[PDB]
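Trainee: Give me the fold of what follows.
(chains A and B)
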Amino acid sequence: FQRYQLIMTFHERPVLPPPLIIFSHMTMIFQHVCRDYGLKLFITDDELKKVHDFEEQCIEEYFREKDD
Amino acid sequence: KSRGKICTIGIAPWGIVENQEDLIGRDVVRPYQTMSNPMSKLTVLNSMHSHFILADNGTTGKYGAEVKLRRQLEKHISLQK
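Mentor: Residues are numbered from 1 along each chain as shown, chains lettered A, B, ... in the order given. Please see the structure below:
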């Protein structure tokens, strides 16, 4: 279960390690005055329709198998 | 009770559908209502039918617009190898 938290907390971290992370801390200030993957996955309407059809097929098969 | 699909094909005249409209969307999913009103003098399309072929001769509210096409299609598919 905690593998997910490990992966997320290393996905959110800056690249540079704490010995030289002071550079990544300074650059955040410069971007202060100014998720394609890793968290989510954005899809078009055709892929969304295909996913919905797949999911309804899966739930129908699940109920049918349980009854049988 | 069972898996798998049956290829049921309905060849119906266009003039007897309860909603001639609400179906004009070309190559796009269109909702359809199965509820029937006995005073509408028409009939609704039957669900659990995989494919439809709506044949129209220009009239509305009368049968006889699909028998010849259905027989011709049966003849042509009978000769198919």
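Trainee: who touches residue B:73 in this structure?
Mentor: Going by CB atoms under 8 Å, 6 or more residues apart in numbering or on different chains, residue B:73 touches residue B:11. All C-beta spots, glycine's among them, are computed from the backbone N, C-alpha and C.
Trainee: so it, which of the three states?
Mentor: Assigned state for residue B:73: helix (three-state reduction, DSSP: H, G, I helix; E, B strand; the rest coil).
Trainee: Show me where chain B has its strands.
Mentor: Taking DSSP state E as the test, the strands found in chain B are B:9-13, B:51-55.
Trainee: any idea which of the ones you listed is most buried?
Mentor: strand B:9-13 (a mean of 16; mean count of other CB atoms under 10 Å in any protein chain shown).
Trainee: Now do that one against strand B:51-55, angle only.
Mentor: 20 degrees (axes from the mean of the first three to the mean of the last three CA atoms, to 10 degrees).
Trainee: Report all helices and strands that strand B:9-13 contacts.
Mentor: Strand B:9-13 sits against strand B:51-55, helix B:67-78, with contacts defined as 3 or more CB pairs under 8 Å, 6 or more residues apart in numbering or on different chains; DSSP states H and E.
Trainee: Reformat the ones you listed as JSON lines; add distance to residue B:27.
Mentor: Shown next, in JSON lines, are the helices and strands packed on strand B:9-13 (distance: least, CB to CB, whole Å):
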{"stretch": "strand B:51-55", "distance to residue B:27": "15"}
{"stretch": "helix B:67-78", "distance to residue B:27": "22"}
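Trainee: just so I know, which of those lies nearest residue A:43?
Mentor: strand B:51-55 (28.6 Å; CB to CB).
Trainee: How about residues contacting that closest one?
Mentor: B:7-14, B:17, B:45, B:65-66, B:69.
Trainee: In chain A, which helix is the longest?
Mentor: Ranked by number of residues, the top helix in chain A under DSSP state H is helix A:45-67.
Trainee: Reduced to three states, what does the residue nearest the centre of chain A come out as?
Mentor: Per CA atoms, centre = their mean, the C-alpha nearest to the average position across chain A is that of residue A:39, at 1.7 Å. At residue A:39, secondary structure determined by three-state DSSP is coil.
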